[PDB]
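Next comes just one chain, in structure tokens: the form deposited in one PDB entry.
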């Protein structure tokens, strides 16, 4: 019972195995102050007494009160984490506690200021692991302490704090040698901001790294990276298949992948517009106006089939689409945008009001 548990703490402390002590302090097991204080070192004396207090507060359903006990645990662990001079047996113990505090912030929100007060100490756990300066180093769990701040600061939406946290990890020697669960969770988040910074190519290498190495057993984590890849893909022009969307049972993009393949887009957009202002999606997903414009150019080019095409016909093809007040200056403006961005070759002549497209390679493939 409690004495067998405490003898397990004694064996975990004396044999310095951090995986076993991380397993005993977690809630993954089935598994107050004087019994923990009569035998342990004074940071570990407060540590496991507050672990027992957190277990009793879970059993009381007092999730506000459990959070401050689970603050006393990690402050005592940080004081014990100071006490090991150039040694890192206690580094798997941190994954047992700093993963917990995030969700123990969330329940303390229910019964976000409390997410904030949880979010200011995990900064200091990053400070301690970033202070030490390879096989005995204390920096192996640094990137775990950036993937617990990133799962707080997108639930409050603060972005300006997290541009030395990217700079600390990205300028490091051991950044390509972390654990493979955390190095692919992180590579999503810095990819995700790279969608919102109009720097899509930086997000192209990362989330495709996040999609390809995601595990089979958790389909939801595959689905979320699929959701956030689908704006940055098909702006590049990846153009998914029906079988992918049927396999992940996510079929709302598919009609859009009809309308982006060749107004249809506005009707299919406003039919389910409440999904695309739910995950930060619609104002990203409107920017394929300029590639669906090239696909409508392909539809006019394949149906009229000569080199020089008059602009009145593309004006007619947009007057079918019928959104808001299209004229002849708007047509030639967005055609000039297509012709310098690189999607459409040729030149615009104003003397005859005809567009010449390229003869041997008409619209270059992306």
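Between two forms, the rigid core is the largest collection of C-alphas that superpose within 1.5 Å. Positions refer to the first chain, counted from 1.
Another form, the form deposited in another entry, is not on view; read the next lines as being about it.
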Exercise. Among 335, 49, 318, 57, which is the residue that shifts its C-alpha 2 Å or more between this form and the one not shown, core superposed?
Worked result: 335
For this session: Examine residue 12 after superposing the rigid core and state whether its CA is displaced by 2 Å or more between this form and the one not shown.
Result: no
Exercise. For residue 298, is the CA shift between this form and the one not shown at least 2 Å following rigid-core superposition?
Worked result: yes
For this session: Once the core is aligned, please say if the CA of residue 38 is shifted by at least 2 angstroms between this form and the one not shown.
Result: no
